[PDB]
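Down below is the structure, laid out as structure tokens.
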Amino acid sequence: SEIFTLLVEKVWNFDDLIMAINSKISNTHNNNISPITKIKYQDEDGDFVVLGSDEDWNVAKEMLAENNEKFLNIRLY
């Protein structure tokens, strides 16, 4: 349910994206290790798709770059 909004600066190698997610989410010292590893991502604030292996993210980065879109949303459920 919880929605998160993030924009992929300098094309993250996923780890950068995860770390950025945690940087935003509870920067203090809560679940700032891994976002439940159930990260789900949305693009152009319109479509929702979920990743885990460094492959779906490859599709997303290419999508963002090719589409020109950069808005990304992250769902935890």
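Here the Cβ is made from the backbone with ideal geometry for all residues, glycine too, and neighbour counts use every protein chain on show. All of the numbers you see were taken from the coordinates with simple rules; none came from a lab.
Under 4 °C and 1.567 mPa s, how fast does the chain diffuse according to Stokes-Einstein, given a Kirkwood radius computed over C-alpha pairs? Answer in µm²/s, whole number. Value of D from the Cα-based Kirkwood radius: 104 µm²/s.
Using the rule -39500 (n - 2.57) for each DSSP H run of four or more residues, divided by the residues of the chain, the 222 nm mean residue ellipticity is -8500 deg cm²/dmol. Note on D47 and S1: with the Förster distance fixed at 22 Å, the Cβ-Cβ geometry gives a FRET efficiency of about 0.80. For the chain, the relative contact order is 45 percent, taking Cα pairs closer than 8 Å that sit 6 or more residues apart in sequence and dividing their mean separation by the residue count.
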